[PDB]
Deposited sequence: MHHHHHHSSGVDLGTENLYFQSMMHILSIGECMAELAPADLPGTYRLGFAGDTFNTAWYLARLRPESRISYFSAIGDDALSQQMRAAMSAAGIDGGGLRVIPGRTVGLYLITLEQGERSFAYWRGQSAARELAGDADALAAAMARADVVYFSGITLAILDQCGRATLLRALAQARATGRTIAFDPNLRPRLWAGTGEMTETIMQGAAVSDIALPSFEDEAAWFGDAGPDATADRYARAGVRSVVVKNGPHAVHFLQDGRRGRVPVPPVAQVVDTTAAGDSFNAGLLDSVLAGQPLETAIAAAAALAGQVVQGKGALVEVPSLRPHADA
C-alpha cells in the first residue's frame, strides 16, 4: 500500500532512508482497568515512524525479521498503515516477534530473547540489497545487541561496504546493558558500530556511565576517533554538543516534560530529516531538538506531533 515512487538507473523519485533493527509488540494500559492496548514500537522503528510523518513524500523503509503468525502479520500491517515500507522484512517460520508490557508507577517487562528479529542479519545478500539505493542507513546499539557474533559481523560488513559506495550511515549507540552479555562486550561492540558510521547520535548520560567520558565534548572526541564525521551528543535538557571534521559547537535546547520515552528516537528522526534536506548540521540539530521538545510533551512512544 505504501508508495515506493519510481526510479531510473541514476536517480529515484523519492529520497530513501533505511532503518534496521527490532520492532516489538507493545502492550500499554488502556482506559478500562485490567486491559491493555496492542501497538507496535522499538527504538529504530520509532525513528522510522517519525520520519514517515516528517517526510511523507519520501521512502522510509524498515529492515528486520518477523515470524509467520497472526501477531507478525499484524505488525507488518501496522508498518504499512504508518507509511513505512516493509517490503524487505524477512519471515522466520515457527517464530514470533518480541513483546513488551507496560504496567502502571510505570514499569516495563520484555520478552525479546528469542524474537525473530535476532535473525535479521542471517541473510547477507538481503541486507546489501536493502541498503543498495538507500540515501541513509540508520541502525542502533540495540540492533547490534540482539544479534549473535556472526550476525554482528555480517551487519557491520554490510554497513561498511554500503558506506564505501556512498550510503550515509547513521548510528545511535543507545546503550542498554541488559541486552548484552557483559559491559566489556557492549562497549567494544558499540565502538565497532561507530567505526562504520558517518553520523553518531550518542546520549551523554549513558556514555558517561559506561565509557567514563568527562563531559559531552569528550564523548564527541571518542566517536571522532572512530572515524565518525558528524557526532551529535544529546544531553538531556542541556545544549546539544557537536563535533564535525574538527569543528565544535553547542546548539541551545529551549526549556519545555511528561515522558522522555521517544525523546531520543524522535530527535534522531528530526535530525536525519533535516540532514536529508541538505540543511547545515546546526540547523538540523535545532530542528531535531524542536521536534523532541514537542514530543516529550506527549503521551507515548509514538506521538502524533
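> Could you sort out which parts of the deposited sequence are absent from the coordinates (no C-alpha) and give them as ranges from 1?
Unmodelled stretches: 1-9, 114-116, 269-270, 320-328.
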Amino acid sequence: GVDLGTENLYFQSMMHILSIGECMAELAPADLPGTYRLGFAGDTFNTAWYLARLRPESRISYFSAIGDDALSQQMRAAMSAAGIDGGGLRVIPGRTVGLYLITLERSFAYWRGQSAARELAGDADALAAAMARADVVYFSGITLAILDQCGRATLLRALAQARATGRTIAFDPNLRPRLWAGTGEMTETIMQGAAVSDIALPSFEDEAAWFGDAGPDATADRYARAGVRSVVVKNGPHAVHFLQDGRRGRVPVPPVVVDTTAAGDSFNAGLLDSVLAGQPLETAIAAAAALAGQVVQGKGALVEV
From here on, numbers count along this sequence of modelled residues.
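> With respect to the recorded C-alpha B factors, which stretch has the higher mean value, 156-164 or 229-237?
The stretch with the larger average C-alpha B-factor is 156-164.
> Which has higher Cα B-factors on average according to the PDB entry: 280-288 or 293-301?
Taking the mean B-factor of the alpha carbons in each, 293-301 is higher.
> Given 66, 271, 48, 256, identify the residue with the highest C-alpha B factor in the PDB entry.
By C-alpha B-factor in the record, 256 ranks first.
> Can you tell me which of 142, 150, 134, 224 has the highest Cα temperature factor in the record?
In the PDB entry, the greatest C-alpha B-factor among 142, 150, 134, 224 is found at 150.
> Hey, what third does residue 261 fall into on Cα B-factor, ranked over its chain?
Within its chain, residue 261 is a highest-third residue by C-alpha B-factor, going by the deposited values.
> Would you mind ranking residue 103 by its C-alpha B-factor against the rest of the chain and naming the third, lowest, middle or highest?
Ranked within chain, residue 103 CA B lands in the highest tercile.
> Could you look up the Cα B-factor of residue 73 in the entry and say which third of the chain it sits in: lowest, middle or highest?
It falls in the top third of the chain.
> Relative to the other modelled residues in the chain, which third contains the C-alpha temperature factor of residue 80: lowest, middle or highest?
Middle third - that is where residue 80 ends up once the chain's C-alpha B-factors are sorted.
> Using the B-factors in the PDB entry, rank residue 122's C-alpha atom against the chain and give the third, lowest, middle or highest.
As the PDB entry reports it, the C-alpha B-factor of residue 122 lands in the highest third of its chain.
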